[PDB]
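J.: Residue numbers (the deposited numbering), protein chains in the order written: chain P, 28 to 100; chain O, 72 to 294; chain R, 59 to 173; chain T, 1 to 139; chain Q, 27 to 170, 182 to 336; chain M, 269 to 420; chain N, 446 to 501; chain W, 24 to 121, 132 to 182. Idealized CB from N, CA, C, for every residue including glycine. Take this structure, written in structure tokens, and hold onto it; I'll ask about it next.
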Amino acid sequence: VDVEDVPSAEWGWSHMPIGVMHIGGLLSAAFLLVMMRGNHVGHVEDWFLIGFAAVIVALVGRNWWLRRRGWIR
Amino acid sequence: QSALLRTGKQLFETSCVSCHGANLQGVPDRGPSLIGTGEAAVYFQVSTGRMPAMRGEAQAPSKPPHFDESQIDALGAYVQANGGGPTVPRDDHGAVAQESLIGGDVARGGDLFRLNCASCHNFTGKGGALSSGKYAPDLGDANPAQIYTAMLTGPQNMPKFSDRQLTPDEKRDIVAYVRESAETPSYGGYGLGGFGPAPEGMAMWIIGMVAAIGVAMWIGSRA
Amino acid sequence: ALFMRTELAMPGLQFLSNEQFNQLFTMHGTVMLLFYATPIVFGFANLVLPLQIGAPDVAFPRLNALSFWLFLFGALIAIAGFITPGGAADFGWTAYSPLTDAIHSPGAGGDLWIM
Amino acid sequence: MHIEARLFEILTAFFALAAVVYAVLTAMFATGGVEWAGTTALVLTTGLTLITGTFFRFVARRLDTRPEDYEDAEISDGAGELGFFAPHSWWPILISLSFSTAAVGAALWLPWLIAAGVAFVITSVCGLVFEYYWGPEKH
Amino acid sequence: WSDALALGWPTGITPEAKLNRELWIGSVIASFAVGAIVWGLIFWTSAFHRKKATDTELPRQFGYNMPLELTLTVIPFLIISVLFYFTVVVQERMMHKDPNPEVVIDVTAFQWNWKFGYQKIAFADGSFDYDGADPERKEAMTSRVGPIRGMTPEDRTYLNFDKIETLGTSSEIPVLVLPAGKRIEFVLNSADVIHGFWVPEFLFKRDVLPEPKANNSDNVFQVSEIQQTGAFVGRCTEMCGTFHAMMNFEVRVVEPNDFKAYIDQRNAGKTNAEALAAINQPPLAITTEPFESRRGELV
Amino acid sequence: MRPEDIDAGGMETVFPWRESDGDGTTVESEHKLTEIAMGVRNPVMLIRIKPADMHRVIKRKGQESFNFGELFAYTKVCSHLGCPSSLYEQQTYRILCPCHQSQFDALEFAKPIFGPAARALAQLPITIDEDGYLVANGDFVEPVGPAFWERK
Amino acid sequence: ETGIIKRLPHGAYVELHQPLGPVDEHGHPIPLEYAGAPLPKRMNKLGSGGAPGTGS
Amino acid sequence: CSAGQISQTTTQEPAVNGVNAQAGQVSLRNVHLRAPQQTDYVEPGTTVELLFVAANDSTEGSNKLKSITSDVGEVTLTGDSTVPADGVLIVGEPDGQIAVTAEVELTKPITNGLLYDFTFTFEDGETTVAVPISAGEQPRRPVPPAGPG
Ligand SMILES: CCCCCCCCCCCCCCCC(=O)OC[C@H]1O[C@H](O[C@@H]2[C@H](O)[C@@H](O)[C@H](O)[C@@H](O[C@H]3O[C@H](CO)[C@@H](O)[C@H](O)[C@@H]3O)[C@@H]2OP(=O)(O)OC[C@@H](COC(=O)CCCCCCCC[C@H](C)CCCCCCCC)OC(=O)CCCCCCCCCCCCCCC)[C@@H](O)[C@@H](O)[C@@H]1O
Ligand SMILES: CCCCCCCCCCCCCCCC(=O)OC[C@H]1O[C@H](O[C@@H]2[C@H](O)[C@@H](O)[C@H](O)[C@@H](O[C@H]3O[C@H](CO)[C@@H](O)[C@H](O)[C@@H]3O)[C@@H]2OP(=O)(O)OC[C@@H](COC(=O)CCCCCCCC[C@H](C)CCCCCCCC)OC(=O)CCCCCCCCCCCCCCC)[C@@H](O)[C@@H](O)[C@@H]1O
Ligand SMILES: CC(C)=CCC/C(C)=C/CC/C(C)=C/CC/C(C)=C/CC/C(C)=C\CC/C(C)=C/CC/C(C)=C/CC/C(C)=C/CC/C(C)=C/CC1=C(C)C(=O)c2ccccc2C1=O
Ligand SMILES: CCCCCCCCCCCCCCCC(=O)O[C@H](COC(=O)CCCCCCC[C@@H](C)CCCCCCCCC)COP(=O)(O)O[C@H]1[C@H](O)[C@H](O)[C@@H](O)[C@@H](O)[C@@H]1O
Ligand code: HEC
Ligand code: HEC
Ligand SMILES: CCCCCCCCCCCCC
Ligand code: FES
Ligand SMILES: [Ca+2]
Ligand SMILES: [Cu+2]
Ligand SMILES: [Cu+2]
């Protein structure tokens, strides 16, 4: 990172690669979706899992698209 | 007594019919039949204020009673006349029994409570969570007759304990244990709620560790 | 309000119960009156009133910040009735007595609403 | 600051008249006589405006005209230091979290949580009140 | 047309209701006239004072017209004074109570059904007297030091009990049976929380309170007569809990001789439905039907 | 124990007892009864289903005759990690384990419906003898308690 | 930031600052370099409050 | 989420030993057999008692009970088996009840724990119930003392 983005960039670990966070988000979403497999008989929680996974996938996709298009760095 | 029966019906008609029916048969998806539940069920449900219920959810709560003792007797007599069932124990003067329900063997009562009761109510009747919005409540406010009739009638999701499964002397031992484990002081300081590790770990973090870190800050320096 | 209005589109209870509907108008009125309109008065005042009188600041800046955080956390306390099993307050935003007493509204939603 | 006092005095006149009229009109030809809740509320609303108006009126007759009370004051009349205005603080959110802890404790009737919340409130309010008064650390 | 201007108000079935409806129509016309004036003034300036393409200077900067300011505080004061006068007249007529009603009904609301009792009948022509009070059951409620003036909160003595009573059920809508042409008095008491006694064709409602006297509520109101026979819905109009929407009732208005026959049948041990069938009426409510006790369509 | 000793909606813990185990007056009887009480796969929950709910009972294959009418017997040992899973909700017919919140459907052969448990609770076959006392009608047809590498 | 607001003769509002190092001829501080150490943010923590007065 | 249309409290059944049944327009509540037992069975030739409460859902007309049959024996109805306009008909005096009766003369043995089919026939409605045996408020019978083993 540049010091304009992280002022103490030369004092410590200041950069995490974006691929790590994108892949971690996708894997976390997939893990939310795999907990639909279980013994539970209700589906309220299935909808909560689907919604949280959808929000995560949308955030990852927005970030990836905006980095590709150059709007954020 | 015919007067007691007409007072009970009169009280029942403007408080219980919407959910239980004019003939005590139940209103579907609103409230069950009361035929054969008995005076003991009425005593438990009304003296602890659970009845009349106010809405449908996971569990109907206890709350201040809507009726006094004679009105509770009248309602219980009216329900008893329709199907019979168990009754609330009485004393010589015909009052609801309280002190004579305290059994003499509290060690047997504790062993019985731990086998039959502590799974849902905890080691010392502090309450415990049940499946989905339900819970076995704290036992510290029930009087002896309420404990006795709670075992006798099996309220909401509490198992029903018949007088053949738990004889009256066993029930009296259990009520003695329940009452004495509610009235005994803590011996090692403030009891911290009686749940054990969770409030003890809360007390370490918010009292002991906060004190230790504050003392360290006082002794040490900043920057 | 959209849930209430959808349930009122047709006769019969299509997806709500009575209890949930009562919670819905109670909390819709509570949220719109006390968590949207009343604090947004002070949102507008914070935006422009010091400018309109030619001041650099309000009289008590930390008290101002405290007022905002009290708004936010009080509103969250009242709305959290919906995460209990019984649900939120269902006795109307006006909270008439004795419907609100412990005998007639026993749930924790009503007490969370009050505090 | 005579207009500031006048505003509250005018409100006071209306509130006192309304309180007297309501008490007299409910005592006569109203079921039960005096309606005590509304009468009490009107009397003490009158008291509220009276306290503030009397304070403003006493303050006004002490100090002579301020530049904001002067019809043709110049901007340069107001030159100088205004006072202290706190530049930043994270103590307000701590105070509100503490008070909300005590409130959740009172809602669910958990006396230990109420005790913890009251202790949190006292600590947070001390933190706010002392923030600009703690001296340097001593070693 | 009086129906379009009434805005959905029922025509009414009592003289008091008709007077209230006339006040409603007149007030609606006044408010529509004021609204038309103000809306027209808004539309006029929005249509004809918009910025043109050929104005370079700013408009005339007027900000004070004192005679107009004073003139626009007097006119609304006059309109509200007229409305206040007629309001007072009509509420005095509607709340008026005669010392000799011809039917006295006890209305008992509870969560969440109705009970109607026949307290007293005294026909004005001497053709029907009946004393229905049952004071041998009001005394059975006495609960007794007590938190409130020596009484526990379970005292319930303020409630009224009668020999002929129609009790509502979750499977039977309660039907109150009344004679046409007679002065009816309603005495309202609640068993628990506040309910609402609204018959829309009465064009009137009142709240039904627990312990009204201790709350300084006048729980008694009369209609001078009901001017036509028929069946009229009544609804609860004070939020009372879970089944506030599902505790309706019906008023069946019959001819006086049929009312006498109905009361004789009830005194002979008949229930409400069979006593209604005995006077050639539908036995159940016909404006409303009971709600399904299933909690909804997903059950 | 006799079948009429339990009401519909009741649940009792039962233990495997033999005539030869005795009443615990002698030393040897006392040791035998201590071994009964301390056996980790011993305790059994006996429930009595409400007769109105018997049409909702689903039987497990191989266990269709394990109930004596409306009396059912399951192991009280939780199949997840061995805690006594004994929080018996009579209206929902749900068996709740206090340790890690597994829930078993008593009407559907104690099949898990919530929590970390993947396996049903073992059913004890029960009947009565000539005197009318409840007795076991054989053994469990599967191992009881927590699972292990060697199982099934 | 000392928290003291001042109105200039032309109507500007400025907050008084306490520099942690040398200043300009204009009076603004020379910017200092971060050294990995905490920075004071309250004037009372720099001694501005003084001391009450010796005694019990 | 617990206060929706599927509610846990509102579908709860009575915590009693008898059974509910819908016979057309009649509600049969707390139906059970009284049959004190000594051994594994109650033998044929014993007379046991069938108890219930019949509630008239309708409030306009009346109703009457006919022909209770079963494959455990024969049922004799004694008393006025008519259930009134909006009233009840108590058949038998249950355990704690301080005269329509249903007497069952047994032909095959019965035992506490199992369910037995009975067919109720009203002049409008007729259904089969599967009735249990309920020891009511009777005490626990003594068990012979076990020896030492
Ligand atoms: C808000 C933002 C989104 C858009 C705006 C609004 C969206 C929300 C709209 C949802 C509407 C739901 C219905 C409302 C009414 C209600 O109250 O419910 C009805 C009934 O329902 C249940 O009955 C089912 C039947 O009606 C009964 O017929 C049946 O018998 C019963 O059967 C069960 O039970 C039996 C035993 O009884 C068993 O035999 C049987 O097998 C079974 O188990 C049924 O139950 P069951 O299927 O369990 O649950 C299912 C219920 C239960 O309600 C519910 O919707 C559950 C609640 C869902 C909550 C959604 C969470 C959203 C995620 C977060 C936003 C993520 C974080 C992001 C935040 C910020 C992000 C910014 C950084 O319906 C549904 O899910 C409806 C389906 C659709 C839901 C919507 C999902 C949308 C998300 C997907 C897209 C992602 C977002 C996009 C991102 C870019 C029982 O409960 C009843 O009492 C109850 O009455
Ligand atoms: C470095 C220092 C370290 C040392 C610290 C020491 C502090 C502790 C005190 C010292 C001990 C005293 C000496 C001997 C002990 C003693 O003499 O003791 C008496 C008895 O005492 C309790 O009897 C209560 C009644 O007297 C009985 O009548 C009743 O029966 C009993 O009932 C229980 O038992 C029943 C079964 O019958 C159940 O029915 C029932 O439900 C319940 O369980 C009662 O117990 P209980 O309610 O537990 O406590 C209630 C306490 C009240 O709470 C407490 O003070 C507990 C405080 C410590 C807990 C700390 C928790 C921290 C929480 C976290 C911070 C969470 C927040 C963080 C997240 C925030 C999120 C935001 C992001 O009473 C009160 O004073 C209430 C009024 C006011 C309280 C104030 C007292 C002191 C502190 C005040 C603080 C300042 C302001 C005032 C507050 C209002 C029981 O123990 C009994 O065994 C015991 O016998
Ligand atoms: C994984 C998991 C368990 C999930 C559940 C998490 C969850 C939803 C918890 C919150 C539960 C609550 C607070 C319910 C009501 C709804 C509600 C008000 C929610 C919050 C709304 C909100 C965010 C806005 C308001 C502002 C705000 C942040 C509120 C403060 C919330 C506070 C302070 C609540 C405490 C949170 C919490 C879970 C604390 C646990 C405390 C513990 C573990 C203590 C143990 C303990 C106990 C339990 C005793 O009984 C006891 C008895 C006697 C002495 C001591 C103790 C004791 O310490
Ligand atoms: C430590 C916090 C961690 C936060 C991480 C963020 C993750 C949030 C995920 C949200 C949770 C969604 C999963 C819930 C899916 C699920 O299973 O639950 C349902 C119940 O829905 C609900 O309530 C939804 C509740 C969601 C609440 C939102 C979560 C935020 C909380 C934690 C805020 C805390 C703040 C911190 C406090 C202190 C510190 C300060 C920060 C139904 O169960 P049940 O109960 O069986 O209902 C039966 C019927 O169905 C059936 O008809 C019939 O009526 C009955 O059978 C009924 O029982
Ligand atoms: C609807 C909101 C109700 C009102 C009003 C009353 N009761 Fe109720 N009751 C209702 C339900 C849904 C249930 C079942 C679950 C529960 O909460 O226990 C009950 C239960 C009872 C019982 C227990 C029956 C048993 O099986 O032994 C009794 C004795 C009882 N109710 C009596 C009762 C009385 C006397 C009421 C008037 C004061 C009353 N109930 C009101 C629903 C509702
Ligand atoms: C879980 C399945 C339980 C077991 C085992 C026992 N109890 Fe219980 N109990 C349980 C619940 C869910 C409830 C609340 C029911 C209600 O209708 O609201 C109860 C209630 C009681 C009470 C009444 C408490 C009161 O509020 O004061 C008592 C006295 C009580 N339970 C005692 C008790 C005893 C002695 C038990 C062993 C025989 C026992 N319960 C078992 C849940 C469960
Ligand atoms: C059945 C006739 C209906 C007549 C409706 C009258 C229209 C009301 C005017 C609406 C108000 C405009 C602002
Ligand atoms: S031991 Fe039963 S859930 Fe873990
Ligand atoms: Ca609808
Ligand atoms: Cu109502
Ligand atoms: Cu209502």
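1) So the alpha helix (DSSP H) Q/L84 belongs to, where does it begin and stop?
2) Mind pulling the beta strand (DSSP E) runs of 3 or more residues that sit fully within the region 53–110 of chain T?
3) By the criterion of Cβ-Cβ separation under 8 Å, what are the contact partners of W/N53 in chain O?
4) Going by alpha carbons, who is nearest to Q/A56 out of Q/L31, Q/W35 and Q/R76?
5) Against chain R, with Cβ distances strictly below 8 Å, would O/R161 count as a contact?
6) Could you check the C-alpha separation between M/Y401 and M/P393 for me, to the nearest Å?
7) Reducing DSSP to helix, strand and coil, say where Q/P161 ends up.
8) Name, please, each residue of chain O whose Cβ falls closer than 9 Å to the Cβ of R/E77.
9) Under a Cβ-count criterion, where at least 16 other Cβ atoms within 10 Å of its own Cβ denotes burial, should Q/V114 be classed as buried or exposed?
10) Taking CB distances under 8 Å as the criterion, tell me whether O/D139 reaches chain W.
11) Measuring only from the beta carbon, is O/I278 closer than 7 Å to any heavy atom that is part of ligand 2?
12) Measure the C-alpha to C-alpha separation of O/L95 and W/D109 and round it to an integer number of angstroms.
13) Flag N/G481 as yes if its beta-carbon sits less than 8 Å from any beta-carbon of chain T, otherwise no.
14) List in chain order the residues whose CB is within less than 7 Å of at least one heavy atom of ligand 10.
15) Can you tell me where the alpha helix (DSSP H) with P/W91 in it begins and where it stops?
16) One question on the structure: do R/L124 and T/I95 come within less than 8 Å of each other, judged by their Cβ atoms?
17) Looking at chain W, which residues of the region 135–153 of chain R have a Cβ within less than 7 Å of any of its Cβ atoms?
18) Do the region 89–97 of chain Q and the region 189–197 of chain Q make contact, defined as three or more Cβ pairs closer than 8 Å?
19) Verify the CB distance criterion: does O/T224 have a CB-CB separation below 8 Å to chain W?
20) Whose CA, out of Q/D124, Q/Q302, Q/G89 and Q/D29, lies closest to the CA of Q/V54?
21) Just grab the DSSP bridge partners of T/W134 for me.
22) Could you say which of O/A148, O/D100 and O/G175 lies nearest to O/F83 if we only look at CA atoms?
23) Nearest-angstrom Cα distance between residue 314 of chain O and W/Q171?
24) Say the cut is 7 Å; is the CB of residue 176 of chain R nearer than that to a heavy atom of ligand 2?
25) In this structure, how does DSSP classify R/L130 when only helix, strand and coil are distinguished?
26) When you compare the CB of N/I449 with every CB in chain R, is at least one pair closer than 8 Å?
27) Which residues of the region 314–333 of chain Q have a Cβ closer than 7 Å to any Cβ of chain R? Give them in chain order.
28) Is the Cβ-Cβ distance between N/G481 and P/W38 less than 8 Å?
29) Does the Cβ-Cβ distance between M/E272 and W/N145 come in under 8 Å?
30) Give the residues from the region 192–213 of chain O that approach chain W closer than 8 Å (Cβ to any Cβ), ordered along the chain.
31) Only counting the same chain, and skipping five residues up and downstream in sequence, which positions put a Cβ closer than 7 Å to that of Q/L33?
32) Taking only the alpha-carbon atoms, compute the straight-line gap between T/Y22 and O/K205 and give it to the nearest angstrom.
T.: Judging by the given coordinates:
1) Q/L84 -> no alpha helix (DSSP H), and no H or E assigned at all.
2) Runs of the beta strand (DSSP E) inside the region 53–110 of chain T: 80–84.
3) Under the 8 Å cutoff, chain O gives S104, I106, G107 and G154.
4) Q/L31
5) Not one chain R Cβ lies under 8 Å of O/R161.
6) Near 14 Å, if we compare the C-alpha coordinates of M/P393 and M/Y401.
7) Three-state result, Q/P161: helix.
8) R126, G127 and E128
9) exposed
10) It does not: the Cβ of O/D139 has no partner Cβ on chain W nearer than 8 Å.
11) yes
12) Going by the C-alpha atoms only, they are around 12 Å apart.
13) Under the Cβ distance rule, N/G481 does not count among the residues neighbouring chain T, no pair being separated by less than 8 Å.
14) Q/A135, Q/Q137, Q/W138, Q/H232, Q/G233, Q/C273, Q/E275, Q/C277, Q/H281 and Q/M284
15) Residues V71 to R95.
16) Yes.
17) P143, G144 and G145
18) no
19) Residue contact with chain W for O/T224: present (Cβ-Cβ distance below 8 Å to some residue of chain W).
20) Q/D29
21) DSSP, once it has assigned bridges, lists no residue as partnering T/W134.
22) O/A148
23) Since the first residue of chain O shown is 72 and the last is 294, residue 314 of chain O is not available in this structure.
24) Outside the shown range of chain R, which is 59 to 173, sits residue 176 of chain R, and nothing can be said about it.
25) helix
26) no
27) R332 and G333
28) yes
29) yes
30) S203, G204 and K205
31) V54
32) So the two alpha carbons sit approximately 51 Å from each other.
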